[PDB]
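Quick note: the coordinates plus some simple rules give every number you see, no bench work behind them. Quick reminder, even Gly has a Cβ in these numbers, built from the backbone with ideal geometry, and neighbours come from all protein chains shown.
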Amino acid sequence: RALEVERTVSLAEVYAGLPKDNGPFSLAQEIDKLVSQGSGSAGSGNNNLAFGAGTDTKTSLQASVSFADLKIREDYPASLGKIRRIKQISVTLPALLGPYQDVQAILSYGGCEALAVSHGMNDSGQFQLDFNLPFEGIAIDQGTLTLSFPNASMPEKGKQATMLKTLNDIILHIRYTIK
Amino acid sequence: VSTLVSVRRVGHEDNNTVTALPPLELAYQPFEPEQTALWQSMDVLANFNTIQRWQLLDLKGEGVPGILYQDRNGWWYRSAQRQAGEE
C-alpha cells in the first residue's frame, strides 16, 4: 500500500553544487582545513560545515545539510503521491576505515532522532536493521540533517583529527515512501 | 636453465695440434635471490585490504596494476604513475 524508494545523497557533490553567494566548497579540501586550524566554516545556511556551538561539542566537526535543498520531491511526479516520508537513513564513508578501525559520528535531526555511525559501510545505527519504529513523522522537504564527528580538532589533539584528513566523501542512503 | 656461455671455432692440424680462435663468450643476468632480497616499507597503499573490497588490478589496460576500491554505488581508482623525484 506504498511506493518504497531509495535515494543516494553524496555530500561532497551537494556542497560543490551550491549556488554562488551560498559558498560552494570541496568537502575533501575544507575538512582538513577546519581540522588543521581550530575553528571555521564552509558555506552558510543549513548546508554548512562548522564546529558545534554548545558545550562538549566545541571539538566536534559537524557537516550539516538541508533537506529542501536536495530537492528529492522533484525525482518523481506529484501525481504518484504528495506524501513522501523518510523510512531509513544509512551513512557510508567511502574507503575511510580498515577492517579493524572505527569512526564515531552522530547523525541527528532538528528516541528515534539520532544515529551513531561505527563502521561507515552502508552503516545504519543498529546492530541488526529489521523492518519488522524508525523515523515516523520525518518529511523529505523540511528540516536539516547534521553529522557530528567528535574530537575532530588537531590543535586540541583529538583522535580522528588525522583520520578525517583522509576523508573522500560522506554518502547518505535515504529510503523513503510515496504513499 | 642452461645458458650458452661460450662458442669457439677450433681447427685441428694433422701433426696433433690445434688452431683455435679466441672464444665468443656470453654473459646472462643472474637470479641470486638469496643475497639480493631487499625488504621495503609500503606506505603508498594506505588502507589496502583484502578483507574489504580492494584489489590490485589494472583497469584502463596500461599493463601495471592500479588500486581499485569498489562500493555498491561508486568505484575509486588509483592509477600507477611516475614519481618525479629521484629515480
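Read phi for every residue in the range B:66-82 and hand back ³J(HN,Hα) as whole Hz from Karplus 6.51 cos²θ - 1.76 cosθ + 1.60, θ = phi - 60°, with x for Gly and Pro.
Per residue, the Karplus-derived 3J(HN,Hα) values read x, 10, 10, 9, 10, 8, 7, 10, x, 10, 10, 10, 9, 6, 6, 9, 9 Hz.
Against the globular-protein guess of 2.2 N^0.38 Å, express the Cα radius of gyration of the range A:99-149 as a ratio, rounded to two decimals.
Working: Rg = 12.3 Å, N = 51, 2.2 N^0.38 = 9.8 Å.
Cα Rg divided by the expected 2.2 N^0.38 Å: 1.25.
Positive end of the dipole of the protein assembly as shown, charges at C-beta (+1 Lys, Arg; -1 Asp, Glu), about the Cα centre: which of A:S79, A:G158, A:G40 has its Cα farthest in that direction?
Farthest towards the positive end: A:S79.
For A:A53, project a label point 7 Å along Cα to C-beta. Then give me every residue of the range A:1-42 with its amide nitrogen under 18 Å of that point.
Of the residues in the range A:1-42, A:39-42 have backbone N under 18 Å from the label point off A:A53.
Enumerate the calculated ³J(HN,Hα) couplings along the range B:43-56 in order (Karplus 6.51 cos²θ - 1.76 cosθ + 1.60, θ = phi - 60°), each rounded to whole Hz, writing x wherever the residue is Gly or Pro.
Residue by residue, the range B:43-56 yields 8, 6, 9, 4, 6, 6, 6, 8, 6, 8, 9, 10, 8, 8 Hz.
Quick check on chain A: what does the Kirkwood estimate of hydrodynamic radius come out to from the alpha carbon pairs, in Å?
On the way: mean 1/r = 0.0589 Å⁻¹.
Kirkwood radius, chain A: 17.0 Å.
Reachable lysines from A:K71, Cα under 23 Å, same-chain residues fewer than 8 places away excluded?
A:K71 reaches A:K20, A:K82, A:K87, A:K179.
Pop out the ³J(HN,Hα) list for the range A:13-20 in order, Karplus 6.51 cos²θ - 1.76 cosθ + 1.60 with θ = phi - 60°, rounded to Hz; leave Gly and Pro as x.
Karplus-based 3J(HN,Hα) across the range A:13-20 equals 5, 6, 6, 6, x, 5, x, 5 Hz.
Under a point-charge model restricted to the Cβ atoms of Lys and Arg (+1) and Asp and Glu (-1), what is the dipole moment magnitude of the range A:35-179 relative to its Cα centre, in debye to the nearest 20? Could the numbers behind the result be given before it?
Numbers: 12 positive and 12 negative charges, 39 e Å.
Approximately 180 debye in magnitude.
Would you please give the FRET efficiency between B:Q35 and B:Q81, computed as 1/(1 + (r/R0)^6) with r the Cβ-Cβ distance and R0 = 25 Å, to the nearest 0.05?
0.20
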